[PDB]
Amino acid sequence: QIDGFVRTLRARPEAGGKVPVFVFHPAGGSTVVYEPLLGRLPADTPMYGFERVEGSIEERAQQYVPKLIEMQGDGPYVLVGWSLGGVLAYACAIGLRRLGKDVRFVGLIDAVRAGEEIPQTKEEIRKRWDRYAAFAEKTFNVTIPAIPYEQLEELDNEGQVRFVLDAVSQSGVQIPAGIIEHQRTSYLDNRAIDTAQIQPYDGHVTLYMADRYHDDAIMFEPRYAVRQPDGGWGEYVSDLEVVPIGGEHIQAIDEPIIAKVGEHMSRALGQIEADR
């Protein structure tokens, strides 16, 4: 059930069968989080999960898309993700369409863009790490020394993190590798979103929309405290459907809220099977 970065959540028959749902991992998690959604989809709906790969969002899609095509040929494609996973599903939809494939459904499970753009500037890096340092001070009750802004503002997100980690390790702090790697990859995967070069998509997108981001997302990036009515997708997607689901972002992937997603999604899938 594991093949490279592809997890089989429910296998498709040797030949024929219903259209698979492809799900994409959230930052800091695997596609096992889609098991509740799977329970609320029609019986025998196949489901395959795409796990983490490296690079910009575009570079990640460039590794996913050939695999998608190896598995599902010309389509139809049903692409679904929560959080980062929604952004990844979209980037794959864009890629698949350029190659002429048939993309029938893109499900964004509260993959809501920050309500203001995140500036890609040296000033914002300075401000960001000033905030992070102030939070570190209250939490671990230490006094943080002068941040070396000159070094930090010249680095990309992965460079910034590597620098801060090296400083932390230098400072004498010993942290178990699993915790570091989980924190580091979650952080960088969520930051990857900020520079996703988002393209218009000519098909149907469903955005399942919670009420708000949870506090930790806002502490990660304060601009997530604001949401636009189209979740930031309205300019790029002509055929955008929004389905309000309530709750917080972190609740959207679980029961009971996931039942509302699965019920609507089940109807979309049903229509796809009829149109076959």
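Residue numbers here begin at 1 and follow the sequence given.
Average Cα temperature factor in the PDB entry - higher stretch of 39 to 47, 206 to 214: Averaged over C-alpha atoms, the B-factors run higher in 39 to 47.
Between 166 to 174 and 85 to 93 (mean CA B-factor, as deposited), the higher: Higher of the two, by average CA B-factor, is 166 to 174.
From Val78, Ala136, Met71, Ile109, residue of greatest CA B-factor: Out of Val78, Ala136, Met71, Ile109, the record gives the largest C-alpha B-factor to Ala136.
Selection from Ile125, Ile198, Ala114, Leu188 [criterion: highest C-alpha temperature factor in the record]: Out of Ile125, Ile198, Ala114, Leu188, the record gives the largest C-alpha B-factor to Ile198.
Third of the chain's Cα B-factor distribution that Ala15 belongs to, per the entry: Its C-alpha B-factor belongs to the highest third of this chain's values.
For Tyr236, the third of its chain into which the C-alpha B factor falls: Highest third.
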